[PDB]
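Chain by chain, the residues:
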Amino acid sequence: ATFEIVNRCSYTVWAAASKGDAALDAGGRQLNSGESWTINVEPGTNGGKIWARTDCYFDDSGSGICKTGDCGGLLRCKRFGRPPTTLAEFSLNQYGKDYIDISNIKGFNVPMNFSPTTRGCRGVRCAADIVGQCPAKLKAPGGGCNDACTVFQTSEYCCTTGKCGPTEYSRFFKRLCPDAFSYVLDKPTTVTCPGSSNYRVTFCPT
């Protein structure tokens, strides 16, 4: 599958794409305002994520730090990033279907739109000013708005027992972005697309 990743933000981001134990395509790249990066993702990839990282500083060896989404100090991510991170999530060619979602379960840093570039399903977006509205206890000094699992580490927020309800924090994320996952057991906002679809992930779509 092909994913075009478009930075429509007014600032530089550092895109990332991983399936948790490996990079997708190269794994990460700088995207100044307006730049688009195309990557190829193998059919059958399950549990892939794409996200934006902010305020990074990388040396000539590709090692450094970001204030949101850092993946172990690397430019080219092999692992998932450190919250807060808005997430584009996808598993491809699963019994003839692709499944995509946006998630705020690991917090929110940048607005994103996740839309197919081929026919037969709809896209999803989370573009509200979550950082500006972020409850004081969830605000990340580095930038962004953390999830309450990250902030408090309780069974209820982290849904560790597999039974957990919505919370006042989850409802915040849900009120601003109803079409993204707000907690581990939220009613699914997953979109089912035809197998082998292609997609565009845009940062700061509006």
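Residues numbered from 1 in each chain as written, not as in the entry; some residues may be left out. Heavy atoms only, no water.

Looking at the PDB entry, the protein carries the name Thaumatin-1, with the source organism given as Thaumatococcus daniellii. In the PDB, the entry goes by the title "T. danielli thaumatin at 278K, Data set 2". Comment text from UniProt for the protein, heading Function, reads "Taste-modifying protein; intensely sweet-tasting. It is 100000 times sweeter than sucrose on a molar basis." Quoted verbatim from the Subcellular location field of UniProt, the annotation for the protein is "Cytoplasmic vesicle". (UniProt positions renumbered as here; feature names shortened; annotations may be inferred.)

**Side note on the sheet that holds strand β9 (residues 97-103)**
Spatial strand order, β3-β2-β5-β8-β9-β12: six strands in an open sheet with antiparallel pairing. Each edge of the open sheet carries a strand with a single partner, namely β3 (23-31) and β12 (191-194). Sheet twist, expressed as the mean angle between neighbouring strand axes with direction ignored, is 15 degrees. Where strand β8 (residues 87-94) lies against β9, six bridges are found, and the strand directions are antiparallel. Opposite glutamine 94, over in β9, you have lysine 97 as the bridge partner. (Pairing = 2+ DSSP bridges. Helix = DSSP H or I, 4+ residues; strand = E, 2+ residues; numbered from the N terminus. Axes fitted to C-alpha atoms, helices over the stretch in contact; angles between N-to-C directions.)

**Details of the environment of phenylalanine 58**
Along the chain, the position of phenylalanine 58 falls in strand β6 (residues 57-58). What makes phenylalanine 58 partly exposed here is its relative accessible area of 22%. The residues touching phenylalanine 58, leaving out its near neighbours within four places in the chain, are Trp14, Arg53, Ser63, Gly64, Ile65, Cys66, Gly73, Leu74 and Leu75. (Buried < 20%, exposed > 50% of the residue type's maximum accessible area, 1.4 Å probe, protein only. Contact = heavy atoms within 4.5 Å.)

**A closer look at the pairing of strand β2 (residues 13-18)**
Looking down a regular strand, the side chains alternate between one sheet face and the other. Counted residue by residue, β2 has six buried out of six residues, so it is predominantly covered. Residue alternation in β2 divides its side chains into two sets, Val13, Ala15 and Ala17 and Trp14, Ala16 and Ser18, and both sets are buried. Taken together, the five bridges between β2 and β3 define a ladder with antiparallel strand orientation. The residue of β3 that forms the bridge with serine 18 is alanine 23. Connecting the antiparallel pair β2 and β3 is a turn made up of four residues, with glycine 20 showing a positive phi of about 100 degrees. Bridge count between β2 and strand β5 (residues 48-53): five bridges; the pairing is antiparallel. When the bridges of β5 are listed, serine 18 appears paired with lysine 49.

**Brief notes about the environment of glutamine 94**
With respect to the helices, strands and loops of the structure, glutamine 94 is situated in strand β8. The class of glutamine 94 is partly exposed, set by a relative accessible area of 23%. In sequence terms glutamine 94 and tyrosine 169 are 75 residues apart; their C-alpha atoms lie 32 Å from each other. Beyond its immediate stretch of four places on either side in the chain, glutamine 94 contacts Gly44, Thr45, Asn46 and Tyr99.

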